[PDB]
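*Asks:* Below is the file structure.txt, which contains compact mmCIF, N, CA and C atoms.
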```
# COMPACT_ATOMS: atom_id res chain seq x y z
N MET A 1 148.41 60.20 76.07
CA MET A 1 147.88 61.36 76.84
C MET A 1 146.94 60.91 77.96
N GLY A 2 146.42 61.89 78.70
CA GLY A 2 145.66 61.61 79.91
C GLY A 2 144.36 60.84 79.70
N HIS A 3 144.45 59.51 79.72
CA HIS A 3 143.25 58.66 79.76
C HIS A 3 142.73 58.58 81.21
N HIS A 4 142.33 59.73 81.75
CA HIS A 4 142.01 59.86 83.17
C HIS A 4 140.82 58.98 83.59
N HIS A 5 141.08 57.98 84.43
CA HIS A 5 140.02 57.13 84.96
C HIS A 5 139.11 57.92 85.92
N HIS A 6 137.90 58.25 85.45
CA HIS A 6 136.95 59.06 86.23
C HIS A 6 136.36 58.28 87.42
N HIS A 7 135.89 59.00 88.43
CA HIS A 7 135.31 58.38 89.64
C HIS A 7 134.00 59.07 90.05
N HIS A 8 133.02 58.27 90.47
CA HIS A 8 131.72 58.79 90.92
C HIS A 8 131.20 58.00 92.13
N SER A 9 130.79 58.70 93.17
CA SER A 9 130.24 58.06 94.38
C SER A 9 128.73 57.85 94.26
N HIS A 10 128.22 56.79 94.90
CA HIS A 10 126.78 56.48 94.87
C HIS A 10 126.08 56.87 96.18
N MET A 11 124.86 57.39 96.06
CA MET A 11 124.06 57.82 97.22
C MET A 11 122.67 57.17 97.21
N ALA A 12 121.94 57.25 98.32
CA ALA A 12 120.59 56.67 98.41
C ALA A 12 119.76 57.29 99.55
N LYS A 13 118.83 58.17 99.19
CA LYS A 13 117.93 58.81 100.17
C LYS A 13 116.51 58.23 100.07
N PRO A 14 115.96 57.69 101.18
CA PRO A 14 114.61 57.11 101.19
C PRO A 14 113.50 58.16 101.38
N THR A 15 112.67 58.35 100.35
CA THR A 15 111.56 59.30 100.43
C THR A 15 110.35 58.68 101.16
N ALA A 16 110.40 58.69 102.49
CA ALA A 16 109.34 58.09 103.31
C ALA A 16 108.07 58.97 103.34
N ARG A 17 107.06 58.58 102.57
CA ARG A 17 105.79 59.32 102.51
C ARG A 17 104.61 58.45 102.96
N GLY A 18 103.46 59.08 103.22
CA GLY A 18 102.25 58.35 103.59
C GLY A 18 100.99 59.05 103.11
N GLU A 19 100.75 59.02 101.80
CA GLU A 19 99.65 59.79 101.19
C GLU A 19 98.49 58.89 100.74
N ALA A 20 97.31 59.47 100.62
CA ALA A 20 96.13 58.76 100.10
C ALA A 20 95.97 58.96 98.59
N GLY A 21 96.67 59.96 98.05
CA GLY A 21 96.63 60.22 96.61
C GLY A 21 95.42 61.04 96.17
N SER A 22 95.11 62.09 96.93
CA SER A 22 93.97 62.97 96.61
C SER A 22 94.32 63.96 95.49
N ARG A 23 93.33 64.29 94.67
CA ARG A 23 93.50 65.22 93.54
C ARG A 23 94.14 66.55 93.96
N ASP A 24 93.49 67.23 94.91
CA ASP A 24 93.91 68.57 95.32
C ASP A 24 95.34 68.58 95.90
N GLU A 25 95.77 67.43 96.44
CA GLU A 25 97.14 67.29 96.96
C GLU A 25 98.18 67.59 95.86
N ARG A 26 97.96 67.04 94.67
CA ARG A 26 98.84 67.29 93.52
C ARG A 26 98.76 68.76 93.06
N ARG A 27 97.57 69.35 93.17
CA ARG A 27 97.40 70.79 92.89
C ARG A 27 98.31 71.64 93.80
N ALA A 28 98.24 71.35 95.10
CA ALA A 28 99.00 72.10 96.11
C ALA A 28 100.51 72.05 95.86
N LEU A 29 101.06 70.85 95.72
CA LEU A 29 102.51 70.68 95.55
C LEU A 29 103.02 71.21 94.19
N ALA A 30 102.13 71.27 93.20
CA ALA A 30 102.50 71.82 91.88
C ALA A 30 102.54 73.36 91.91
N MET A 31 101.48 73.97 92.44
CA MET A 31 101.41 75.43 92.58
C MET A 31 102.13 75.90 93.85
N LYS A 32 102.69 74.95 94.60
CA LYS A 32 103.55 75.24 95.75
C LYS A 32 102.79 75.99 96.87
N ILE A 33 101.78 75.33 97.42
CA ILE A 33 100.99 75.88 98.53
C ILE A 33 101.53 75.38 99.89
N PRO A 34 101.86 76.30 100.82
CA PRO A 34 102.47 75.94 102.12
C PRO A 34 101.46 75.50 103.20
N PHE A 35 100.23 75.17 102.81
CA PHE A 35 99.21 74.70 103.76
C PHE A 35 98.27 73.66 103.12
N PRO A 36 97.76 72.70 103.92
CA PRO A 36 96.95 71.56 103.41
C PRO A 36 95.61 71.97 102.77
N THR A 37 95.21 71.22 101.73
CA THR A 37 93.97 71.49 100.98
C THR A 37 92.71 71.31 101.85
N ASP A 38 92.71 70.30 102.71
CA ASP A 38 91.59 70.06 103.62
C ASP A 38 91.31 71.29 104.51
N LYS A 39 92.38 71.87 105.06
CA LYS A 39 92.27 73.09 105.87
C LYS A 39 91.56 74.21 105.10
N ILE A 40 91.89 74.34 103.81
CA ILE A 40 91.26 75.33 102.93
C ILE A 40 89.73 75.16 102.88
N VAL A 41 89.27 73.91 102.94
CA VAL A 41 87.85 73.59 102.84
C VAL A 41 87.12 73.75 104.19
N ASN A 42 87.74 73.24 105.24
CA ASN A 42 87.10 73.13 106.56
C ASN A 42 87.07 74.45 107.34
N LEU A 43 88.02 75.36 107.07
CA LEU A 43 88.05 76.66 107.74
C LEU A 43 86.92 77.59 107.27
N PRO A 44 86.37 78.43 108.17
CA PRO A 44 85.35 79.44 107.81
C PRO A 44 85.95 80.63 107.04
N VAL A 45 85.09 81.46 106.44
CA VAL A 45 85.55 82.59 105.63
C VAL A 45 86.51 83.52 106.40
N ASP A 46 86.20 83.77 107.68
CA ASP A 46 87.04 84.62 108.54
C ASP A 46 88.50 84.12 108.58
N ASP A 47 88.68 82.90 109.08
CA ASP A 47 90.01 82.30 109.20
C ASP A 47 90.65 82.11 107.81
N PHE A 48 89.83 81.76 106.82
CA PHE A 48 90.28 81.56 105.44
C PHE A 48 90.98 82.82 104.88
N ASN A 49 90.33 83.98 105.02
CA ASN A 49 90.90 85.25 104.54
C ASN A 49 92.28 85.51 105.15
N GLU A 50 92.38 85.36 106.47
CA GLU A 50 93.66 85.53 107.17
C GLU A 50 94.69 84.48 106.72
N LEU A 51 94.23 83.24 106.52
CA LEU A 51 95.09 82.14 106.06
C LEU A 51 95.82 82.53 104.77
N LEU A 52 95.10 83.15 103.84
CA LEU A 52 95.69 83.64 102.60
C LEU A 52 96.73 84.74 102.87
N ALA A 53 96.30 85.78 103.59
CA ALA A 53 97.15 86.94 103.89
C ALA A 53 98.40 86.57 104.71
N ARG A 54 98.34 85.49 105.48
CA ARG A 54 99.48 85.06 106.32
C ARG A 54 100.58 84.37 105.49
N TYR A 55 100.18 83.69 104.42
CA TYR A 55 101.13 82.92 103.60
C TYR A 55 101.51 83.67 102.31
N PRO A 56 102.81 83.65 101.94
CA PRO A 56 103.29 84.32 100.71
C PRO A 56 102.77 83.66 99.42
N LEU A 57 101.56 84.04 99.02
CA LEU A 57 100.91 83.47 97.83
C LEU A 57 100.80 84.51 96.71
N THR A 58 100.97 84.05 95.47
CA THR A 58 100.75 84.90 94.29
C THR A 58 99.26 84.98 93.95
N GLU A 59 98.92 85.84 92.98
CA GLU A 59 97.53 85.99 92.54
C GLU A 59 97.01 84.70 91.89
N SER A 60 97.92 83.96 91.25
CA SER A 60 97.60 82.66 90.64
C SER A 60 97.40 81.58 91.72
N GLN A 61 98.27 81.57 92.73
CA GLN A 61 98.13 80.63 93.86
C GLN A 61 96.81 80.87 94.60
N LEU A 62 96.54 82.14 94.93
CA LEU A 62 95.27 82.52 95.56
C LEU A 62 94.06 82.07 94.72
N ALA A 63 94.17 82.22 93.40
CA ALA A 63 93.12 81.75 92.48
C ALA A 63 92.84 80.25 92.67
N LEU A 64 93.91 79.46 92.78
CA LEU A 64 93.79 78.02 93.03
C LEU A 64 93.11 77.73 94.38
N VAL A 65 93.58 78.41 95.43
CA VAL A 65 93.03 78.22 96.78
C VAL A 65 91.51 78.47 96.79
N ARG A 66 91.08 79.53 96.09
CA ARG A 66 89.66 79.87 95.98
C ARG A 66 88.85 78.75 95.30
N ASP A 67 89.47 78.07 94.34
CA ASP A 67 88.82 76.95 93.64
C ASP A 67 88.79 75.68 94.51
N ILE A 68 89.95 75.30 95.06
CA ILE A 68 90.04 74.12 95.94
C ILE A 68 89.04 74.21 97.11
N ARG A 69 88.95 75.40 97.71
CA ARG A 69 87.96 75.68 98.76
C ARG A 69 86.57 75.20 98.31
N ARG A 70 86.22 75.53 97.07
CA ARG A 70 84.92 75.18 96.50
C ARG A 70 84.83 73.68 96.15
N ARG A 71 85.92 73.12 95.63
CA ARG A 71 85.95 71.70 95.23
C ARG A 71 85.64 70.77 96.41
N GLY A 72 86.33 70.98 97.52
CA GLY A 72 86.05 70.20 98.72
C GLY A 72 84.69 70.54 99.33
N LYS A 73 84.35 71.83 99.33
CA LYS A 73 83.06 72.30 99.87
C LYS A 73 81.88 71.71 99.08
N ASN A 74 82.08 71.48 97.78
CA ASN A 74 81.04 70.94 96.91
C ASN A 74 80.54 69.57 97.42
N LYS A 75 81.42 68.82 98.08
CA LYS A 75 81.03 67.54 98.69
C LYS A 75 79.97 67.77 99.78
N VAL A 76 80.12 68.86 100.54
CA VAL A 76 79.12 69.26 101.53
C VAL A 76 77.89 69.87 100.83
N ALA A 77 78.14 70.62 99.75
CA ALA A 77 77.08 71.20 98.93
C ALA A 77 76.18 70.10 98.33
N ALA A 78 76.75 68.92 98.10
CA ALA A 78 75.97 67.76 97.64
C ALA A 78 74.83 67.43 98.62
N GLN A 79 75.04 67.74 99.90
CA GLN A 79 74.01 67.59 100.93
C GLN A 79 73.17 68.87 101.07
N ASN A 80 73.82 70.02 100.86
CA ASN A 80 73.16 71.33 100.99
C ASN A 80 72.72 71.89 99.62
N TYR A 81 72.48 71.00 98.66
CA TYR A 81 72.13 71.41 97.30
C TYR A 81 70.67 71.90 97.21
N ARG A 82 70.49 73.08 96.62
CA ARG A 82 69.17 73.66 96.42
C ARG A 82 68.40 72.92 95.30
N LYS A 83 67.38 72.17 95.69
CA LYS A 83 66.56 71.43 94.72
C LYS A 83 65.48 72.33 94.08
N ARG A 84 65.36 72.25 92.76
CA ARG A 84 64.32 72.96 92.02
C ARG A 84 64.01 72.23 90.71
N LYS A 85 63.03 72.72 89.95
CA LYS A 85 62.74 72.15 88.63
C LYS A 85 62.45 73.25 87.60
N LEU A 86 63.06 73.14 86.43
CA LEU A 86 62.73 74.03 85.31
C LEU A 86 61.53 73.47 84.54
N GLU A 87 60.44 74.24 84.51
CA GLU A 87 59.19 73.81 83.86
C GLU A 87 59.44 73.33 82.42
N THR A 88 59.58 72.02 82.26
CA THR A 88 59.89 71.41 80.96
C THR A 88 58.62 71.04 80.19
N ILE A 89 58.57 71.38 78.91
CA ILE A 89 57.42 71.05 78.06
C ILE A 89 57.58 69.67 77.42
N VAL A 90 56.76 68.71 77.84
CA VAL A 90 56.81 67.35 77.30
C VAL A 90 55.81 67.18 76.14
N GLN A 91 56.07 66.20 75.28
CA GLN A 91 55.19 65.93 74.13
C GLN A 91 54.22 64.76 74.40
```
Show me this structure written as structure tokens.
*Replies:*
Amino acid sequence: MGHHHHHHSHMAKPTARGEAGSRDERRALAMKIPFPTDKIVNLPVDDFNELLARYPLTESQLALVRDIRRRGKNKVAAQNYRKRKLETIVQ
């Protein structure tokens, strides 16, 4: 009976990338964000609000964008950090 000799062709596509390997980058491509994480941080609240409304994002995606905005901004907050002290009782 039909001992049919099967055939398969071989292909090869080169994934030419140039990334630094940042944390938020993996967040974006996983939750499928159509705009860069750095832009989310560096843009002001005005442009940021429109940036969200312009792109087809879910409530979960928007939730991520709101966090990433803060994650990158926290690096600037490290310089703009409000210094204080809680009156600690020593022995």
*Asks:* For a test of reading the model, state the distance in Å between atom N of residue 73 of chain A and atom N of residue 87 of chain A, rounded to one decimal.
*Replies:* 28.2 Å
*Asks:* May I ask which of the residues A:40, A:85, A:47, A:91 is the closest one to residue 70 of chain A, counting all atoms listed in the file?
*Replies:*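 Closest candidate: A:40.
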*Asks:* Given 6 Å of margin on each side, can you work out the centre and size in Å (one decimal) of an axis-aligned box holding every listed atom of segment 26-42 of chain A, as lines of an AutoDock Vina configuration file?
*Replies:*
```
center_x = 95.3
center_y = 71.7
center_z = 99.6
size_x = 28.5
size_y = 21.3
size_z = 27.5
```
*Asks:* For the atom pair atom C of residue 41 of chain A and atom CA of residue 72 of chain A, what is the interatomic distance in Å to one decimal place?
*Replies:* 6.6 Å
*Asks:* Figure out the distance between atom CA of residue 35 of chain A and atom CA of residue 16 of chain A, please, to one decimal in Å.
*Replies:* 19.5 Å
*Asks:* Using DSSP on the backbone, list every residue of segment 5-72 of chain A that comes out as alpha helix (DSSP H), and give them as a PyMOL selection string.
*Replies:* chain A and resi 23-31+37-42+45-54+59-72
*Asks:* Using all atoms listed in the file, which of the listed residues (A:8, A:38, A:86, A:81) sits closest to residue 68 of chain A?
*Replies:*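 Closest candidate: A:38.
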*Asks:* Please identify all polymer residues within 12 Å of residue 67 of chain A, counting only C-alpha atoms, omitting same-chain residues fewer than 2 positions from it, and present them as an NGL selection string.
*Replies:* :A and (24 or 27-28 or 37 or 40-41 or 60-65 or 69-74)
